[PDB]
Amino acid sequence: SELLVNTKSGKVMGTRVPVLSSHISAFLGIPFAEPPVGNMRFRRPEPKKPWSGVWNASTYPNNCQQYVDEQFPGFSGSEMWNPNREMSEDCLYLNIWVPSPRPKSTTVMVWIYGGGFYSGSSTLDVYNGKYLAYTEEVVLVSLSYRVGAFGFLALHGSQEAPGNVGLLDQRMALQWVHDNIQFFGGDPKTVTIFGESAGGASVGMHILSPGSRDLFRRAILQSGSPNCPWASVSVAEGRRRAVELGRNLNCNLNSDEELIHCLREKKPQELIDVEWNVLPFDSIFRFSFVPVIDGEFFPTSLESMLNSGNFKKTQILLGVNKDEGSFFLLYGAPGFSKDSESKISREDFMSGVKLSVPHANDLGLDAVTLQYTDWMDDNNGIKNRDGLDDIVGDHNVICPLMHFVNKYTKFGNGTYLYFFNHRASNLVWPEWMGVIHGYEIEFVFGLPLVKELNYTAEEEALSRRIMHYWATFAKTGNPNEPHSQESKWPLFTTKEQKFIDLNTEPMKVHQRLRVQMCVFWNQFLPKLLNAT
Ligand SMILES: *[C@@H]1O[C@H](CO)[C@@H](O)[C@H](O)[C@H]1NC(C)=O
Ligand SMILES: *[C@@H]1O[C@H](CO)[C@@H](O)[C@H](O)[C@H]1NC(C)=O
Ligand SMILES: C[C@@H](c1cccc(O)c1)N(C)C
């Protein structure tokens, strides 16, 4: 039976799923770890004890306990990211889409969802691996991991809540793929891990972490870097927030044992309710529980690891979307609202700058403002709005990614950089938000091929082109077809620093993606703040 697969953990029974006039197998909800419930909350993941009998892998699993966005009730643009299954601490499962007939040893792609490490689901409609698995003949896997305090509460030194447990969930899922994907026709020697936002950061973190390197072949990072300012915290900061969380829940704060015991007795929603109260600054684009630089998962500082070449050397394909800041400005900056063009005043511009660079002194704030202000037309509401979008995006995603790409490329075996600047025609979010972060995913997952989704013919073509770029790269370490008549996506080199735009227009190659702004963020500003 094509829908029955025997693994080292037990037999699983998938389901025949229809996809673009055909069908494929889908093994949904396969457990890869023991439910992190009870005294297991905050602890490292334990492997899923093998089971007797057949595991029903015909339906999606529960989503992990997480903060749910309710800013725009009923709005698809926001709810399309919210959990679409019952939330549960028992959420460490993975889904696999297998081509029919079951392949023998084909390329495997493992998707790691984003969501600032505080949210995310593998079951979202935009993450349906159906189209990519079918169109590209790949075994597509989507894993899950604990988010929020559940996956990142860090009381370093403690065995009960060491921190980084959400990253270990990812690793365990990767371990399970390593050990069993062969039974689904996947080639364990050719596994490409790919993710967006916190998932992209995660991908880079697995490239860095010694304990994860051997579990995959290549990597794809979309709008995420392990070095993003919001993707990790020091062990001191993690401990600080863990205690403050306990303080929010009236916990005995005399010992880690009592803090952790208290936190474990709290219902999931209780931790989620006060989750955001632990942030150190009035800021945007900062999340409470994220990976901690523990000296275990990450041997030393990300920067030193990057400098020394202390990371997995392989091929990587990565990039960003044009407007990486609009989302967090809409949700937290004064003057922005979903239903207006959000033209920003000078007053709100400076308030935004302050929210964007949390612990920057006045001089730092001045450096940012001068850098992003057109003094010939400083009251231009559209320029002030777009200027803020750039500040938030550059600082939080684009420039950190550029720093990582340049550091990596020095030791890597091939880099491919893209700049996705096509706004989906059916995008429900306002126009001012632009090519919003996360809206390239639908193209990566081939949603534009489904006519009912209302995409243009051009968008379907772009989707197919992106999917083939992703799959060909995952399969060969090069997004380009060996000897083809199509425009060639050049390799990013330390010298040339080439990249391509990803849109419905004919491929165009550029160099030094936002160098001007990134020299400011990566070189100048850090030096300024260090001195002051
Ligand atoms: C779960 O597995 C059983 C195996 O007998 C199957 O009959 C059932 O239909 C599956 N659940 C769903 C919702 O299909
Ligand atoms: C990648 O590695 C192979 C073998 O070590 C080498 O021949 C090739 O030149 C490398 N490519 C890049 C872009 O570094
Ligand atoms: C999916 C994506 C997202 C995109 C836009 C808005 C959200 O609230 C979440 N994650 C990765 C950060």
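Both backbone and side-chain heavy atoms feed into the values below; hydrogens, waters and symmetry mates do not. Order of appearance sets the numbers: ligands from 1, and atoms from 1 within every ligand. In what follows, residues are counted from 1 in the order of the sequence shown.
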Do the side-chain N and O atoms of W276 and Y67 include a donor-acceptor pair separated by under 3.5 angstrom?
no
Identify, for atom 7 (C) of ligand 3, the protein heavy atom at the shortest distance, and state residue, atom and that distance.
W81 CD1, 4.0 Å
For a quick test of reading the model, state the closest non-hydrogen atom pair linking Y439 to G77 and the distance between them.
OH-O, 3.0 Å
Could you list which atoms of ligand 3 come closer than 4.0 Å to a heavy atom of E196?
1 (C), 2 (C), 10 (N), 11 (C)
Determine whether any protein heavy atom is located less than 4.0 Å from atom 14 (O) of ligand 2.
yes
Using the rule ring pair (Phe, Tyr, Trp, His ring centres under 6.0 Å), only one of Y418, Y131, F420 pairs with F443; which is it?
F420
Under 3.5 Å, N or O to N or O, is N56 touching ligand 1 that way?
yes
Under 4.0 Å from any heavy atom of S197, which atoms of ligand 3 are there?
11 (C), 12 (C)
Quick one: nearest non-hydrogen protein atom to atom 8 (O) of ligand 3, plus distance?
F327 CE2, 4.2 Å
When every non-hydrogen atom of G115 is compared with those of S197, the smallest separation belongs to N-CB, 4.4 Å
Protein heavy atom at shortest distance from atom 4 (C) of ligand 3:
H437 NE2, 3.3 Å
List ligand 1 atoms under 4.0 Å from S58, heavy atoms only on the residue side.
10 (C), 11 (N), 12 (C), 14 (O)
Protein non-hydrogen atoms only, distance under 4.0 Å: does atom 11 (N) of ligand 2 have such a neighbour?
yes
Establish whether atom 7 (O) of ligand 2 and some protein heavy atom are separated by less than 4.0 angstrom.
no
Flag: protein heavy atom within less than 4.0 Å of atom 4 (C) of ligand 1:
no
From the list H437, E440, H422, side chain to side chain donor-acceptor pair (under 3.5 Å) partner of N321 resolves to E440
Just need the protein heavy atom nearest to atom 2 (O) of ligand 2, so name the residue and atom and give the distance.
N413 ND2, 2.3 Å
Over all heavy atoms of both residues, which pair between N180 and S9 is shortest? Give the atoms and the distance, please.
OD1-N, 4.2 Å
Should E2 and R16 be marked as a salt bridge (charged side-chain N to carboxylate O under 4.0 Å, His left out) after you check the CA-CA gap, both sets of side-chain angles, and the distance that decides it?
CA-CA 9 Å; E2 182 174 34; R16 189 159 188 85; 3.5 Å; yes
Closest heavy-atom pair, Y134 versus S22, reported as atoms and distance to 0.1 Å, is CE1-CB, 3.4 Å
So, do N406 and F492 sit near enough that their side-chain heavy atoms are less than 4.5 Å apart?
yes
Does even one non-hydrogen atom of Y127 get within less than 4.0 Å of ligand 3?
yes
Do me a favour and list the nearest non-hydrogen protein atom to atom 10 (N) of ligand 3 with residue, atom name and distance?
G115 N, 3.2 Å
So is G438 in contact with ligand 3, going by heavy-atom distances below 4.0 Å?
no
Return the minimal non-hydrogen interatomic distance between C64 and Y113, and the atom names on each side.
SG-OH, 4.3 Å
